[PDB]
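Peer 1: Got a structure here, written out as structure tokens. Questions coming.
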Amino acid sequence: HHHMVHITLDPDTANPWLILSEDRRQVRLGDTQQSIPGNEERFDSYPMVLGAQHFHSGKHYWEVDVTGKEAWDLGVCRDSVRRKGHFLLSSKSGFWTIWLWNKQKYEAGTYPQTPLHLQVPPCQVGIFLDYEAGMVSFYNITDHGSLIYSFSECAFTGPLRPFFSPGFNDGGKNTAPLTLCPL
Ligand SMILES: CNC(=O)[C@H](Cc1ccncc1)NC(=O)[C@@H]1C[C@@H](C2CCCCC2)CN1C(=O)C[C@H](N)c1ccco1
Numbered sequence: 000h001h002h003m004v005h006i007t008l009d010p011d012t013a014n015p016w017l018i019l020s021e022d023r024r025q026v027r028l029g030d031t032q033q034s035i036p037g038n039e040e041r042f043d044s045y046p047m048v049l050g051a052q053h054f055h056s057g058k059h060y061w062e063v064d065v066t067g068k069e070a071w072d073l074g075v076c077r078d079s080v081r082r083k084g085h086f087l088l089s090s091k092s093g094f095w096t097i098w099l100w101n102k103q104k105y106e107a108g109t110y111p112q113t114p115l116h117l118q119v120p121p122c123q124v125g126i127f128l129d130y131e132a133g134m135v136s137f138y139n140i141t142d143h144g145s146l147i148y149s150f151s152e153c154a155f156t157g158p159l160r161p162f163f164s165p166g167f168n169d170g171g172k173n174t175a176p177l178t179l180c181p182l
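In terms of the deposited numbering, the sequence shown is residues 0 to 182.
Here it is in structure tokens:
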């Protein structure tokens with residue numbers, strides 16, 4: 000779409016186990032860990048990261064590649080979200096996400112979550128927000144922009160952040176990084 004937005008990963012939110020491309024456009028789970036600052040922003044608990052970008056208004060679209068990725072988590076979230084210590088990922092916290100785990104088991108971050116029934120495993124996912132509309136939707140690029148799922152009447156109060164994770168590499172097959180597409 001035209002409402003496109005150039006997103007960079009904020010390393011001041013990145014979980015210590017995550018390696019970033021120097022361009023802030025990839026992110027993947029490292030076997031070992033980084034020994035980095037004591038920021039009130041970093042995700043301690045799980046392999047999660049935001050994008051530096053802050054939306055207070057308007058309509059914003061971006062795309063993410065997940066070729067060869069048995070799991071992942073994409074979407075948006077409030078700044079407000081607490082960044083310290085275990086939680087449930089849900090609209091209820093301040094996350095409007097979808098995700099994948101165990102290769103073929105896609106679900107939406109409703110409280111509680113909602114299994115999804117997808118004609119075509121998406122190779123890239125398109126994410127789209129309309130702050131004023133209370134809207135954020137997920138589109139299956141690899142199947143002619145088919146709506147994977149839409150969150151509606153979200154309560155968009157404070158500012159909003161692009162949310163990501165490449166998920167866990169236990170299976171072996173989650174080496175591959177979330178790659179942001181250039182459009
Ligand atoms: C019961 N909730 C679940 O089973 C879902 C399942 C799920 C799996 C994959 N992708 C998103 C969701 N987990 C969560 O909501 C959170 C986030 C998640 C992370 C973050 C994304 C990357 C790696 C996985 C693991 N997770 C916890 O461990 C919370 C924990 N059980 C708890 C409940 C109360 C307080 O803490």
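The beta carbon of each residue, even a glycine, is placed where N, CA and C say it ideally should be.
(1) Using C-beta distances below 6 Å, list every residue in its chain close to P114, excluding the 5 sequence neighbours before and after it, in chain order.
(2) Which whole-angstrom value describes the C-beta separation of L117 and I147, a residue pair presumed to lie in contact below a C-beta threshold of 8 Å?
(3) To the nearest angstrom, how far is the alpha carbon of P120 from that of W71?
(4) Might you give, ordered along the chain, the residues of its own chain that have their beta carbon closer than 8 Å to the beta carbon of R82, omitting 5 neighbours on each side?
(5) Looking at ligand 1, does it come within less than 6 Å of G166, judged from the CB to the closest heavy atom?
(6) Would you check if there are 3 or more beta carbon pairs closer than 8 Å linking the region 130-144 to the region 25-33?
(7) Would you kindly check if the distance between the Cβ of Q123 and the Cβ of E62 is under 7 Å?
(8) Between which two residues does the beta strand (DSSP E) holding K58 run?
(9) Using DSSP with H/G/I as helix, E/B as strand and the rest coil, what is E131?
(10) With DSSP collapsed to three states, give me the class of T7.
(11) Starting from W95, follow the beta strand (DSSP E) in both directions and report where the run begins and ends.
(12) Hey, would you say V75 sits closer than 7 Å to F162, going by beta carbons?
(13) Is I35 helix, strand or coil by DSSP?
(14) Please determine, among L73, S79, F86, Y110, the residue with the shortest C-alpha to C-alpha distance to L99.
(15) Specify, as a first and last residue, the run of the beta strand (DSSP E) that residue 183 falls within.
Peer 2: According to the structure data:
(1) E106
(2) 7 Å
(3) In this model, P120 and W71 are separated by some 13 Å (Cα to Cα).
(4) Taken in chain order, the residues that qualify are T12, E39, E40, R41, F42, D43.
(5) yes
(6) no
(7) Yes. Within cutoff.
(8) 58-64
(9) helix
(10) coil
(11) 94-99
(12) yes
(13) coil
(14) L73
(15) Since the first residue shown for the chain is 0 and the last is 182, residue 183 is missing from the structure and cannot be characterised.
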